[PDB]
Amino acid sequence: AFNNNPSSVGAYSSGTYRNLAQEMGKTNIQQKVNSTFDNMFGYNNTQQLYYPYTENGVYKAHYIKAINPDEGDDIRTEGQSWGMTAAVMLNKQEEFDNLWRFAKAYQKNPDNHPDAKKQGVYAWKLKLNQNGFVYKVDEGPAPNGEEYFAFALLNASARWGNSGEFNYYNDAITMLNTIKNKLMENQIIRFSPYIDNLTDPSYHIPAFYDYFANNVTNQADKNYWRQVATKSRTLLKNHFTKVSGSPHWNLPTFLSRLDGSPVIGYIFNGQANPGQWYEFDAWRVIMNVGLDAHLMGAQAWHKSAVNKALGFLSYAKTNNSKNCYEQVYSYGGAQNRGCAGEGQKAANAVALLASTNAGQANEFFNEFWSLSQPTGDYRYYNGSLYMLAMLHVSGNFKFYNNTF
């Protein structure tokens, strides 16, 4: 049965990882996790997101393909770093290494780039040109990518050691320093090097920062990352307080100021959507709160955040003519951007690790577990999230510490 009283002590400290799918009575759990990976990292052009990159017939590396019907397929640091994370959790080293080779070779901006703000960060959007060769479309970073790269590399070091192709550990420490020196403001993850007083709630994964602190060697840096972790929980608590009740109606938003206040409307040229929207980025916030609760312990704010957000989505579904909650809300109002797909459902399942309502857990868990693995043109974001969620709900998303 659903454990509606999640522990205040996290799996990272106790070593006890929940298996949510087992709590909800499911069977053949690990088989489903394994086939999810196999189909996403298999050459089937159906669920597949992992693709080889070759140059003049010579194999180079692999990437996670951000399939994009509206605008041409492209290749993103978010997906790449998520793919690596998935691979390390399932002990899939080749897959890991093939994705990391790509990132280091082709995503990384040179350390001597003329713009100091871009030095060593990872270009968020690549494409293959008309002749099949990779190029950078936008050199700016998507800092959630670097955060996952560092996390995945530290775990690869811990599981596999550093004497093969890659010194994963050194690559991880380099990545951490890049995050600290290029992608932080006042110990809060940046949305952009070029804009201050701006974060994206979905980029906040407080447990990762605690894991970083435990995996660096020097006292100053250990304290730096524990402070990041504390400030991140504070940001999230503040954002959840600001979105409670009117006018945001309990869903977190795309963009926030450093005090947690939702950003209202547009604030910069190029911005994809209004700041106050619960949209594709924001879906992941309560997923991250679930992660944090699982790994580092559930506190009152975790539970409130999740229960209130899931509560709003269930209400919203009762007030939808399609009998679904949708992908995009703004001030509690549906924006007619489609019924939730698999990724959003996956994020909400993971959130259950902070839920205290068994009824909600039944509903949201079974909606996720009933799905088939994503296919078709929208599978990059849905399928990437589906994979992560499969790991999280099966007790496979773990922190592997290095030993010193």
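So that there is no doubt, residue numbering starts at 1 and follows the sequence shown.
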279-287 set against 109-117, stretch whose average Cα temperature factor tops the other in the entry: 109-117
Selected stretch [higher average CA B-factor]: 214-222 or 305-313: 214-222
Selection from 349, 61, 49, 371 [criterion: highest C-alpha temperature factor in the record]: 371
Lowest, middle or highest third - CA B-factor, residue 202: lowest
Residue 185 by Cα B-factor - lowest, middle or highest third of the modelled chain: middle
Position of residue 125 among the chain's modelled residues by C-alpha B-factor, lowest, middle or highest third: lowest
Residue 388 by Cα B-factor - lowest, middle or highest third of the modelled chain: lowest
Residue 272, C-alpha B-factor rank within chain (lowest, middle or highest third): highest
